[PDB]
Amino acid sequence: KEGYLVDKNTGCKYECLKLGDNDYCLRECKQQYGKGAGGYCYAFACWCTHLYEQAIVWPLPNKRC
């Protein structure tokens, strides 16, 4: 599964600076979703990849940023 990283507390995306390959997004995506995760910067938000199917991604039904 894939999807935008989301702050569980605030409901909002993680902003990045460098489009495409991005080590920040990479590390945050693995930390949140696990060592197998990938991630890159797409339209200036962190997009996580190789997520487990049950992974919770953006948007949170309840919480807008």
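Sequential numbering from 1, following the sequence displayed.
The PDB entry records a higher mean C-alpha B factor for 56 to 64 than for its counterpart among 2 to 10 and 56 to 64. Among the modelled residues of its chain, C46 has a C-alpha B-factor that falls in the highest third according to the deposited record. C16: CA B factor lies in the lowest third for its chain, per the PDB record. Per the PDB record, residue ranking by Cα B-factor puts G39 in the lowest third of the chain.
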